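A single chain, nothing else alongside it, follows as C-alpha cells in the form deposited in one PDB entry.
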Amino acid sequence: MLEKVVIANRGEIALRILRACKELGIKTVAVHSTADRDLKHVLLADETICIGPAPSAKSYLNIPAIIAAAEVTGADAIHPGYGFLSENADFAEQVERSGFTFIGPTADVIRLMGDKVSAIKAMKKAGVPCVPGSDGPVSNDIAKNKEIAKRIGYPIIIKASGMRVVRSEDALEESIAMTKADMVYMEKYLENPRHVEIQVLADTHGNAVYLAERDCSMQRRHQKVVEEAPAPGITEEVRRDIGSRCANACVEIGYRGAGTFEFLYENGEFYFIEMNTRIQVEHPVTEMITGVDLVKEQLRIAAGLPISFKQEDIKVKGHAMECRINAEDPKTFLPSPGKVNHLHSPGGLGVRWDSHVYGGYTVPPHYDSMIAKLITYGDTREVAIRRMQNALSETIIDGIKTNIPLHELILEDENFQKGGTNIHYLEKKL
C-alpha cells in the first residue's frame, strides 16, 4: 500500500496533509522552495528536499524536480494539495507514467473537466443540470449565433473553454469575435446567483458519495473569503437530488478521489459551472458537519481502499463557517508579508484552527497571502456565527496586517446574518 507520500505543496494545506499522513502512519517527504525551509510542516516532516528557488515557476511548479524527489526518496505517491499542479494533467500523467500514485483523479479525467465545453458535455450526459447555453462552441456565422443567443435569452455571456457579457443582440458579433482574443461558447448570464458546491468522494471500488454542500458566495474578485455549510435554504430532498446526480456523474466519468461540483444557484435551480478535480481550501466546513476526514479519505482511496462509509451513514448535523485569514491590508487588499512577532490563536468548544503560522514565522512575498483558516461549528448557523465573531476577537496577529477586520464586518452584516446573499454582495458592500 502507500507507505511514503510526497507533499507537493506548501503552507496550510501541506500541514493538513502531513497531519493526515501521520495519523495513518504514512511517512512524509516535504518538498520545498528555498524560501519555505521554515514552514511548520517542513520542520515536522520525516524527510525534506529542496526542489528549487523561491519563485513558484522554479519550485512548486517544477515537474521534473518534484518527480525526482519522489524517485530519490522511494516514495509511493504524490499529493498535489490545491493550486499549483493539482489540476495539471501533464503533471498527473508524468507522475503515473513514472510509477508513482497521483493522489487525485486520472490524467484523462483532469483534462476532461479542465475544459469547459467538454466538462459541460459530460455533465449533460450524466444528467447534472447545466446553464442553458450553446452546448458546444460557437462559429462566427453571426446569423446562427444570434439565433442561439435569442433561444437562450439575453443577457448572455461569452466564455473561453480554457469572459465577456452581452446584454443585447447588436453587441453580440463583436462581443464574440473579440472574446476569442483558444475556443469559445456562450451560455445564459445569471445575474443574482449564489455559489453552492457539492462535495464528493469516489473510489476504485465503484463507490461514490456526496457530502452535502457549501455556500461560498462571499467573494471578492472571484476569490472566496468566507464559506459555510450546509448552504442555507437547501432541504435534504434537494440535497439528495443534486447530490445523487453528482455521485452518478463521478461513476460515469470514472472519477477517483475527492472532488467538488460547483454550481451557480438561482431561484431554486442548480447550474453547473466547474468541477474542481482536487481537494478545496474550504473542505473543513464539510468535515465539521459530516464527521468525515476528507484528506484521510483521499489517502485511503489513493492506496486502493474503499471509501470508509456508505451514503446512508452521512447525516448533516449542525452548521460550520470558515474565514480565510490573509496577510493583507483589510481595505486595499495589498499583501502584507513580514514577521509575525506574536500569534495568539483562538480556541474552545467548536473552534478549529488550520494554520502553518507561528510566533516568529515570516510570511514570505512569493506565494499567496493565506496564513490561517479559522473554522467554527455550532448546532445552528447562529451559534457558528457568534462563535466565529468571538474567536476573531480573540485572535491576535502582531507584526503584519490581516483581513480580520473584513471578516468582522461580514459577520455582523444583517443580510449575512439572515443568510443567502449572492455572489456580488460583498463587492457591493465594499
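Residue indices: 1-based, along the sequence shown.
The form solved in complex with a small molecule exists for this protein as well; it is not shown, and the discussion that follows is about that form.
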To verify the annotation, which of these, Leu299, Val281, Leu112, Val340, has a non-hydrogen atom within 4.5 Å of the small molecule in the deposited complex? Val281
Which residue among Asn248, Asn207, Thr106, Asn276 has a heavy atom within 4.5 angstroms of the small molecule in the deposited complex? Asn276
Just one stretch in 82-90, 67-75, 341-349, 95-103 has heavy atoms within 4.5 Å of the small molecule in the deposited complex, so which one is it? 82-90
Is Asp368 a contact residue for the small molecule in the deposited complex, using a 4.5 Å heavy atom cut-off? yes
Taking heavy atoms and a 4.5 Å cut-off, does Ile13 contact the small molecule in the deposited complex? yes
Would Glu262 show up as a contact with the small molecule in the deposited complex if we use heavy atoms at 4.5 Å? yes
Hey, in the deposited complex, does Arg324 get a heavy atom within 4.5 angstroms of the small molecule? yes
